[PDB]
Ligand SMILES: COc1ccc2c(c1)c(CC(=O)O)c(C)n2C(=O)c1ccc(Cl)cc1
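Next up: a single chain in structure tokens, the form solved without ligand IMN.
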């Protein structure tokens, strides 16, 4: 679920998902169009694609379980949708952590009209 994803993000990065990531660049949060602004935004592009691969799942609301094996995220067994949603969220959280070195506050609340260009999934 979105709340679990937000907690996973905070655990990984120390940044509150809202507002550090919920309106970032062209792909973090609500919609998505255009060329990702930077590595962090690309994490969100891929995460959107990841959810897009699950038609019949409800990533915003469906809850999954995971644990920590030393610092590593291990998705625990639920329904197939739960497992797949968890793997999407795990990847994005790790991706945000990997790219904290280029996170830029100037991309928070990025205006929709600047999301120029195109990308397929």
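Residue numbers count along the first chain shown, from 1. Residues that one form lacks are left out of the comparison. Between two forms, the rigid core is the largest collection of C-alphas that superpose within 1.5 Å.
What follows is about the form solved in complex with ligand IMN, which we do not show.
Looking at residue 66, you'd find every heavy atom of it more than 4.5 angstroms from ligand IMN in the deposited bound form. Contact check for residue 82: every heavy atom lies farther than 4.5 Å from ligand IMN in the deposited bound form. Shown alone here, residue 55 lies within 4.5 Å of ligand IMN in the deposited bound form, counting heavy atoms only. For the chain shown alone, residue 60 is a contact residue for ligand IMN in the deposited bound form, at least one non-hydrogen atom being within 4.5 angstroms. Once the rigid core is aligned, the segment that moves between the shown form and the other one, defined as three or more consecutive common residues whose C-alpha shifts all reach 2 Å, runs 30 to 32 and is the only one.
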